[PDB]
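Let's start with one chain on its own, the form deposited in one PDB entry, as structure tokens.
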């Protein structure tokens, strides 16, 4: 990676600020800088050169000079050796343990996977599953496996009702060679912004995926969002595939393009795009794009017939899913 040291440095700082400082805006600032530097097509030679980039300011440029000069960052060296910091940071890696729970656990002497296992009874349901599959959830998923997973989900949804449409989004739709999880966007004609004409639309898919042993655990489930765990079937005498995270979002059919835009990401692309919408006087969520009135409140949903219409409203040249990465 061209400026890999720098963007690694920045990501670690973002994680510190998020996990340890609980400073969500410093976290976003560091990630924004990381992103802008990652896409910069020259080897950064100094902090002043990085300072020209939007999102990089005085403090980051200084750290960059230190990093370029010395190969390291004293502030991060101090963070790496601080037991409390590393422990809070480590615990947030379990799905369902965020910054607050991690600090509580560490304050109560819980600092290791070992400790979490002994105190399973202190963990909520999500956290217990996140602990169960700790090692598996940190493995990435080759695209080849994403393809078989896609094949399972789409065939099984089609067996529940031919009128469902399932689309795999996240990094998969962006053309990534590996993914962290599987993101499935689901629509059905009976569920639009005007009417839900059949209940259980999501539940029935989740249940069908449970019946064939594809979905193995449930982290959370409501009427429009499912978060859980799935697993590819393996063959005779083969090692099992790791268990994988799967998120299924049921979106109103008439709001598919806002939904697919949201679910295709990247997360940073969405934050940039939504922030650009605000500068142009709009707000975008997974459902709609709406104008912002003087007061600052959102008016009625604009018409949308493609992902591109959304870009057009905010005066951006279309970006294909593959170009929304990093």
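Residue numbers count along the first chain shown, from 1.
Although it is not shown, the form deposited in another entry is what the next lines describe.
- [ ] State, for the two-rigid-part motion between this form and the one not shown, whether residue 92 travels in the same part as residue 214.
- [x] The answer is yes; they move as one rigid part.
TODO: Given a change of 3 Å or more, say if the Cα atoms of residue 88 and residue 269 sit closer or farther in the other entry than in this form.
DONE: Distance between the C-alphas of residue 88 and residue 269: longer in the other entry, by 3 Å or more.
Task: Cα distance between residue 272 and residue 17, which in the other entry differs by 3 Å or more from this form, closer or farther - done: Between the C-alphas of residue 17 and residue 272, the gap widens in the other entry (3 Å or more compared with this form).
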